[PDB]
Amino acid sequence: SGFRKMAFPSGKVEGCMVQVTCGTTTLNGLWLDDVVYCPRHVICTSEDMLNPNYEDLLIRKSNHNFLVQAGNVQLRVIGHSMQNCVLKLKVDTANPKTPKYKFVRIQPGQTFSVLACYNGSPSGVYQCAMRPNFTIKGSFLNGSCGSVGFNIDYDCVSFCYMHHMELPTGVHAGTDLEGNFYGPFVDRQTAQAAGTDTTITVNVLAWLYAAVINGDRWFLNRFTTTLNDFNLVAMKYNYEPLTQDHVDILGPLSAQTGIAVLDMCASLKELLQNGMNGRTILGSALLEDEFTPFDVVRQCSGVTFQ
């Protein structure tokens, strides 16, 4: 049936994207009900970004200083406040296209769809994981800030990411929708790098199950292993420890394919120690770690409106 990096359909979020301009600085914002959420550094010029005092820049602004555009309709701002690294702009019109929604803070290892936007207008959608080092491997240019990441579950959009910045090796950092950074990063143009990343073990195992489901089974061996013994090995290759919680979350896939989790662990142990020997799994030459157990079930069970 096939297996692809699938993004959540983006319509629900496209209806919420707007452009926010303060002075000559413009970026994206998220219009939910009568509030627009955008990165606080919309209030910054070039100069300001080496070392901004945001409380200071902001006190010098007033409501009318923020130009909010939904398409070519302007929205009138009637209040503003800063929450962490995010600015909230109260507008006098509720977004009629607001979907049912929640703000969530995802954990390292969870995947989400990014709607990359420029000028309040949607460029594309793609799927990402929050890496263990709290970066995302994105695709973002100048003007993408305020682009958002999200999950859908039936009718409900859980927004979990807002884009702020690009770190030295071409990866990305940002906040939840309460303006709290993932990872130890700050919103200033100063030198910062991600710590060392690690592979999301549980996701690799999920992807292996997806391969069994798709009939790609060559890598299955005859062995089992213990959780402890598996994890000593994983450690060497810079894989996350697999926890009981991760084992439990793989339970659906385990039960569908009839392969015990620790049996799949034994197969992965071998792949880490022997390599793939120029073979692919699901068309791919490396082990993939940006599919969660839920992503595999969704794609393999056909879960819709999400």
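One-based numbering along the sequence shown.
When 278-286 is weighed against 16-24, 278-286 comes out higher, by mean CA B-factor as recorded in the entry. Set 59-67 against 44-52 and average the Cα temperature factors; 44-52 ends up higher. The PDB entry gives the largest Cα B-factor of the residues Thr98, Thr135, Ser113, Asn228 to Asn228. In this structure the maximum Cα B-factor among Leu75, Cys160, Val125, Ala211 is found at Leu75. Per-chain ranking of the deposited C-alpha B factor places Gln83 in the middle third. Per the PDB record, residue ranking by Cα B-factor puts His164 in the lowest third of the chain. When the CA B factors of the chain's modelled residues are split into thirds, the value for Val186 lands in the middle one. In the PDB entry, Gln273 places in the highest third of its chain by CA B-factor. The PDB entry assigns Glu178 a C-alpha temperature factor belonging to the middle third of its chain's modelled residues.
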